[PDB]
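# This block holds the first chain(s) of the complex, placed as they are in the complex; more will follow:
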Amino acid sequence: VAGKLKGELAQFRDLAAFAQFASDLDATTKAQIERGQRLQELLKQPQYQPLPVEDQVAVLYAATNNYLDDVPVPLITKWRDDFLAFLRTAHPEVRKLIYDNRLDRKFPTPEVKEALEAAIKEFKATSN
Amino acid sequence: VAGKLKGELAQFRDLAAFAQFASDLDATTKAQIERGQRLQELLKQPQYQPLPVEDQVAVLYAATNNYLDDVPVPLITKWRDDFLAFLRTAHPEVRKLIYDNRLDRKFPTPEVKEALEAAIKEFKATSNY
Amino acid sequence: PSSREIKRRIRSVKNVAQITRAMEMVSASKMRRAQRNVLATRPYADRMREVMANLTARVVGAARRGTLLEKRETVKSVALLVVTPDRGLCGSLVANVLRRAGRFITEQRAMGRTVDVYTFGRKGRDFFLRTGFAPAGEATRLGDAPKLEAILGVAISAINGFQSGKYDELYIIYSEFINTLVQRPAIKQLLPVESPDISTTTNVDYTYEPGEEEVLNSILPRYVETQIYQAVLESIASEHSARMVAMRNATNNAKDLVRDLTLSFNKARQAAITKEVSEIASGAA
């Protein structure tokens, strides 16, 4: 899940210079900047709240598969906290199956993809 | 010969910031930048290829005077190489004449001047750029 | 403070200063060509203005004062023409004209009149899109030395909206070329009031072979169109002058920063050499 994250975020570190003070860029660079901001915002964490591996994989799969474009930047953190709360309360079985086959060579198993995209869609319907 | 070269290279170094803007400038400034680029391309030299004094004098006489203006910039080095080959094979007497009176107080004498001008004109006519 | 990063900073700021000097001289060239174009275009408006003076002097009947001659009562809707630079780095010129447009809109809304703005140049269009009030008509990518055909695309739309009653009054805001150091915005009207160029100094009765109505209908659009052309060309000259001045100031600031960074780098080098020599001396002892 993190290879695409790292590759996408690498480009932001380069072409943030134009992001800074120019609003006359091309569409591709705008897309790269706007996608990089989403990722670096995800890495913002408060203190004394470690995220277990399954939660990190879930949120990062969501953000990497473009499911986290509609959410505005200032609310990404509250969105992610609500996502953790929804997983803890509504569907702990998606967490259990992610943690059960986190060591599988092909992590995106069809059974894993279902109940994960279903769960995020249910969350999105429930909240906003 | 080299006073003009030094002056033109200094002028180019003054305006060197306009290499990526040379076309979009005054006519005189464009001419100066073009001449500077031609001279700098002319000063490029491969390794283990020393040029004798008369050869350098002839090349800089050509370059300082408006002779390489027709030549495109990327081909200045090839121009120099084949012009030298031409002088070596076609006009040895011009090289000998330049070398003989190199120490003259007024080097551009009428005989050496006209011989060199004829040689360079002949080379430009024979060659295409 | 490492004596090497400061060298990189000095190199970068020196490159900034050099590119800015290039910007300054090219912008000076554009400003001079623009001023030449202003002078060349000046005679046409210079002649049409007394034509407007005479025609306004002749036409006094309110009923026959139709088309752009209708000083319509109970003003409801007003249109404004804003002209901005195509690109940035112009200095405070864009800030001035956009602030003028904003206060204009606020004042017109204070009178309860709906406003519509047509933007010349990308910056005005983008500013008005971001404010949330979409311009009705925009003409971007305008050339350095534009032809009147380019401004027609907005002028004919404005006058069609005027005639149809959609807009009642027409204004234009543009960066007036007061001097090569100062370029303030200036508001002008496009509802010919009395053509105050030379008032009615000339008094010669003309024959209108097309007819009064036909003459006025044909000439008034042309007069407002050449007024718009003059404003746009004046704004281009102001843009180039303002960019030249802004780049001159930017080059001076870059050179001052080069001096400051050179001083810091020198101090860093002296401190580094002192640390070097002190450490080796201590190791000796």
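Yep, it's here. Residues are numbered from 1 along each chain as shown, chains lettered A, B, ... in the order given.
# Quick one: name the residues of the stretch 1-150 of chain C near chain B.
C:18, C:19, C:21, C:22, C:26, C:29 (C-beta under 8 Å from any C-beta of the partner chain). Bear in mind the C-beta positions are built from the backbone N, C-alpha and C, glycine included.
# right, and the helix or strand after whichever helix or strand the last one is part of?
So the one you mean is residue C:29. Per DSSP states H and E, residue C:29 falls inside helix C:5-58. Toward the C-terminus, helix C:5-58 is succeeded by strand C:77-83 as the next helix or strand (DSSP H and E).
# Pretty sure residue C:270 sits in a helix.
Yes: assignment of residue C:270 by DSSP: H, G, I helix; E, B strand; the rest coil places it within a helix.
# What's the local residue count around it?
11 (other C-beta atoms under 10 Å in any protein chain shown).
# same check, this time on residue A:26
Neighbour number of residue A:26 under other C-beta under 10 Å is 9.
# Ramachandran angles for it?
phi -80, psi 170 (degrees, to the nearest 10).
# what sits against it?
For residue A:26, no contacting residues are found, by C-beta atoms under 8 Å, 6 or more residues apart in numbering or on different chains.
# Quick check: it vs chain C, distance?
Distance of residue A:26 to chain C, computed by C-beta to the nearest C-beta, to the nearest Å: 14 Å.
# ditto for residue A:110
Residue A:110 is 45 Å from chain C, where distance means C-beta to the nearest C-beta.
# quick one: contacts for residue C:163?
Residues in contact with residue C:163 (C-beta under 8 Å, 6+ apart) are residue C:67.
# follow-up on the earlier one: mind checking if the helix holding residue C:29 is in reach of chain A?
No: Helix C:5-58 lies out of reach of chain A by C-beta under 8 Å from any C-beta, never closer than 11.9 Å.
# angle of that helix against helix B:27-43?
When axes from the mean of the first three to the mean of the last three C-alpha atoms, to 10 degrees is applied, the directions of helix C:5-58 and helix B:27-43 differ by 150 degrees.
# add one more, call it chain D:
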Amino acid sequence: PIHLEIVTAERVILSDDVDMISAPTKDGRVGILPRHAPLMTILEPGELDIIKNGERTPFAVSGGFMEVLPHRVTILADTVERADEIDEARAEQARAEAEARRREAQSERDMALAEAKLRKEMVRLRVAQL
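One more piece, chain D, placed on the ones above:
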């Protein structure tokens, strides 16, 4: 012997002296002369001729206005394209308008200033560690 001045938005065409004008007025062609009576008239897409000691040049005004007074005649031709311009297309003129203009008068200028802005923007934050 009247001060003819053919003007245009982009520039002034001519301001020389003239013996006769062949003005294509809307409702009918009218001639102008040294001391002509006052007239001010619209033009239509048509053909305007001027006589220089018996030489005719087809200016071919595409429309505009004209004001006539007994000291000068002013042609406010909105769009005038001299049909007496062989240089046009053949050398400069429209040919220049095609290559000497709208190729480097704005396009080369546009991308040159764009590129300068590019390197400016990149170096502004290649130094952003101060």
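# Please reconsider the neighbour count of residue C:270 now that chain D is part of the model.
The burial count for residue C:270: 11, using other C-beta under 10 Å.
# go on, residue C:248?
Neighbours around residue C:248, by other C-beta under 10 Å: 17.
# Was I right to think it contacts residue C:24?
Yes: counting by C-beta atoms under 8 Å, residue C:248 does reach residue C:24; the two are 5.2 Å apart.
# how many neighbours does the closest residue to residue C:146 other than its chain neighbours have?
Spatial nearest neighbour of residue C:146, chain neighbours left out: residue C:232 (6.6 Å); criterion: C-beta to C-beta, 6 or more residues apart in numbering or on different chains. By other C-beta under 10 Å, the residues close to residue C:232 number 22.
# ok, now which ones touch the residue in chain A that chain B sits nearest to?
When distances are taken as C-beta to the nearest C-beta, chain A reaches nearest to chain B at residue A:18, 19.1 Å away. By C-beta under 8 Å, 6+ apart, the residues touching residue A:18 are A:25, A:29, A:33, D:121, D:122.
# Up against chain D, what does chain A have?
Near chain D, when you scan chain A using C-beta under 8 Å from any C-beta, you find A:16, A:17, A:18, A:20, A:21, A:22.
# Now residue C:180: phi and psi?
Torsion angles at residue C:180 (phi, psi; degrees, to the nearest 10) stand at phi -70, psi -10.
# residues touching it, list them.
C:31, C:241, C:244, C:245.
# Kindly reformat those residues as CSV and extend each row with secondary structure.
Rendered in CSV, the data for the contacts of residue C:180 read as follows (three-state DSSP):
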residue, secondary structure
C:31, helix
C:241, helix
C:244, helix
C:245, helix
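# Would you mind measuring from the residue lying farthest from the centre of chain A to residue C:48?
Going by C-alpha atoms, centre = their mean, the residue of chain A most distant from its centre is residue A:24, 28.0 Å out. Per C-beta to C-beta, to the nearest Å, residue A:24 is found 37 Å from residue C:48.
# let's bring in chain E now:
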Amino acid sequence: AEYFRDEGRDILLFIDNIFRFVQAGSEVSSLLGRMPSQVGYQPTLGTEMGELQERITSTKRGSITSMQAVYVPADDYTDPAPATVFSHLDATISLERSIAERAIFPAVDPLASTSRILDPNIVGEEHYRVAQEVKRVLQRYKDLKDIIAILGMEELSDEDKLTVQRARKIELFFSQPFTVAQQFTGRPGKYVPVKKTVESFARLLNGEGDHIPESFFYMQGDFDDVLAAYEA
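One more piece, chain E, placed on the ones above:
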């Protein structure tokens, strides 16, 4: 030189690149093993520069004036060697090649060269006034470099065209034919006293010299010399 000073004469002591004296002292101190100081220079830098350069003084009997070339390490006027030298300097002349392409013999940049004695009390009121005026017009001309180059002479406003016009004539009038330059150029030598220079430059600024075209102040002494010679 001190013998000739003790004889009551006035002596010029030319030292070539006193920075070499400083670094020779630094090397000697390092060889003796003394602890280095603040760049590696000798710890006794101030005292060494005081033993020298304090015998260069105007005593009652005679005087030793000096003109010491100085090399700035890198370009740091704050470096300890040029700093300690400047602590013992009463004047500074910045010769410039830019004044040498335009063939003026004293290639002195008037806007960078300074001198402590240039104040009203010592050199008098008129000398200081004319010196300040010359510096002012030269500074204006340096500033208007950009106006003249970017745009051209037409943009120059009234009283600022005149300033540049006078700046040209001032820059040329600084040129002087030296008695030792009669081999390089052939013009006879000229020694202009200070008061003559003050009067000449005052006249050039508040009056005469505008109707005379420039390039005629080239290699002239007093204003009277240029006037009489090149107004015929």
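# Re-run the earlier check on the neighbour count of residue C:270 with chain E in the model.
With other C-beta under 10 Å as criterion, residue C:270 counts 19.
# Tell me which residue is most central in chain E.
residue E:93 (3.5 Å).
# what's near enough to touch the residue lying closest to that one once chain neighbours are set aside?
Closest residue to residue E:93 apart from its sequence neighbours, by C-beta to C-beta, 6+ apart: residue E:113 at 4.6 Å. For residue E:113, the contacting residues are E:91, E:92, E:93, E:94, by C-beta under 8 Å, 6+ apart.
# residue ranges for the helices of chain D, please.
With DSSP state H, the ranges of helices along chain D come out as D:87-90, D:94-98, D:107-126.
# which of the residues in the second one are buried?
By neighbour count with 16 or more other C-beta atoms under 10 Å in any protein chain shown, helix D:94-98 contains the buried residues residue D:96.
# which outside residues touch it?
D:88, D:89.
# do the same with the last one
In this structure, residues lying in contact with helix D:107-126 by C-beta under 8 Å, 6+ apart are A:16-18, A:20-22, B:20-21, B:23-24, C:12, C:15-16, C:19-20, C:22-23, C:26, C:30, C:87-89, C:144.
# thinking again about what came up before, any idea which of the helices of chain D is most buried?
helix D:107-126 (a mean of 16; mean count of other C-beta atoms under 10 Å in any protein chain shown).
# tilt between that one and helix C:5-58?
Using the same axes, to 10 degrees: helix D:107-126 against helix C:5-58 is 140 degrees.
# Restricting the selection to alpha carbons, write helix D:107-126 to PDB.
Output of helix D:107-126 as PDB, limited to C-alpha atoms (Å, rounded to 0.1, in the frame of the first residue of the first chain):
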ATOM      1  CA  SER D 107       4.300  34.600 -29.400                       C
ATOM      2  CA  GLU D 108       8.100  34.600 -29.000                       C
ATOM      3  CA  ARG D 109       7.700  37.400 -26.400                       C
ATOM      4  CA  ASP D 110       5.000  35.400 -24.700                       C
ATOM      5  CA  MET D 111       7.000  32.200 -24.300                       C
ATOM      6  CA  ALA D 112      10.300  34.100 -23.500                       C
ATOM      7  CA  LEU D 113       8.600  36.000 -20.600                       C
ATOM      8  CA  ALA D 114       7.000  32.700 -19.600                       C
ATOM      9  CA  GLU D 115      10.300  31.000 -19.500                       C
ATOM     10  CA  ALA D 116      11.900  33.800 -17.500                       C
ATOM     11  CA  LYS D 117       9.000  33.600 -15.000                       C
ATOM     12  CA  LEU D 118       9.600  29.800 -14.900                       C
ATOM     13  CA  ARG D 119      13.300  30.100 -13.900                       C
ATOM     14  CA  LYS D 120      12.400  32.900 -11.500                       C
ATOM     15  CA  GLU D 121       9.800  30.800  -9.800                       C
ATOM     16  CA  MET D 122      12.100  27.800  -9.500                       C
ATOM     17  CA  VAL D 123      15.000  29.800  -8.100                       C
ATOM     18  CA  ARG D 124      12.700  31.600  -5.600                       C
ATOM     19  CA  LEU D 125      12.300  28.300  -3.700                       C
ATOM     20  CA  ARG D 126      15.500  26.600  -4.600                       C
END
